[PDB]
Every structure is written in C-alpha cells, then in structure tokens.
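S.K.: I am attaching a structure below and will ask some questions about it afterwards.
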Amino acid sequence: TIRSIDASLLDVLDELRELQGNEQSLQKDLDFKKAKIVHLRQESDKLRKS
Amino acid sequence: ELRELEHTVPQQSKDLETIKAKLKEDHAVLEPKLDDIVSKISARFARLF
C-alpha cells in the first residue's frame, strides 16, 4: 500500500514519531532533573543551617 | 549544578510544542488521503466478494 502511493510520507511520519519519542524521553529526563532540583531545594535550607 | 539545570529547563520547555505541532500537521495532511484510499479499496473488496 505504501509503495503504490509515494512512500516518502510514511518515512517522514516515522521520523516525526521517533522525534516525538526521544523528545518525550528528554521531557521525562527534564522532570527527573526538576525532582533533583526539588531535593536541592530540600537541602539548601540544611546547607544554610550548617 | 542547580543553576545549570535551571538553565536547562527552559530550553527543553521550548521543545515538545513545535515538535508536536509539526507531528499534528503531518498527521492531518496524511490522514484523509489514506482514509479515502482505504475506504475505496474496502468498497472494491466488498463489491468483489
């Protein structure tokens, strides 16, 4: 079916879906980095206390 | 590291919007053509069966 019509559309959409997957991976990585920032905020008061 | 990751936050936040917009545009362009093709081939399959 994809060779009857031009097959470039499927390749482009596969590239975009892989981009979406890796972007979502980077997004959850950013959320984990935010959680690390949260623990940094949780320890900044301890540093000031020290 | 806190400052560096705080700077890393907006760069990633700017993404996932342009990417999703491009994905939605590509899907919107792609969907009707294959939808009509599939409908036509299914109708031909039914009329032949």
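Starting from 1 in every chain, residues are counted up; chains themselves are A, B, ... following the order of the structure tokens, and ligands are numbered from 1 as listed.
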Set the distance at 9 Å and use only C-alpha atoms: which residues neighbour stretch 30-45 of chain B once local chain neighbours fewer than 5 positions away are removed? I'd like the list as JSON, numbers by chain.

M.R.: {"A": [9, 10, 13], "B": [25]}

S.K.: Generate a file of the selected residues that holds N, CA, C and O atoms, formatted as a compact mmCIF listing (two decimals), in the first residue's frame.

M.R.:
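Output file again27.txt is given in full below:
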```
# COMPACT_ATOMS: atom_id res chain seq x y z
N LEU A 9 5.87 9.74 2.58
CA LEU A 9 5.01 10.15 3.68
C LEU A 9 5.21 9.26 4.91
O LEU A 9 5.31 9.76 6.04
N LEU A 10 5.26 7.95 4.70
CA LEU A 10 5.46 7.03 5.82
C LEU A 10 6.82 7.24 6.47
O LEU A 10 6.94 7.21 7.69
N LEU A 13 6.67 10.43 8.54
CA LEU A 13 5.90 10.25 9.77
C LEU A 13 6.64 9.37 10.77
O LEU A 13 6.54 9.57 11.98
N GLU B 25 0.47 18.50 12.20
CA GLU B 25 0.29 18.94 10.82
C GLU B 25 0.54 17.81 9.83
O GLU B 25 -0.23 17.62 8.88
```

S.K.: Compute the chain A side of the contact with chain B at 7 Å, counting only C-alpha atoms, and hand it back as a PyMOL selection string.

M.R.: chain A and resi 13+16+20+23+27+30+33+37

S.K.: What parts of chain A does DSSP call alpha helix (DSSP H)? I'd like the answer as an MDAnalysis selection string.

M.R.: chainID A and resid 8:49

S.K.: One number please: atom CA of residue A:24 to atom CA of residue A:2, in Å, one decimal.

M.R.: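 Taking atom CA of residue A:24 and atom CA of residue A:2, their separation equals 27.4 Å.
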
S.K.: Atom CA of residue A:3 and atom CA of residue A:22 are how many Å apart?

M.R.: 27.4 Å
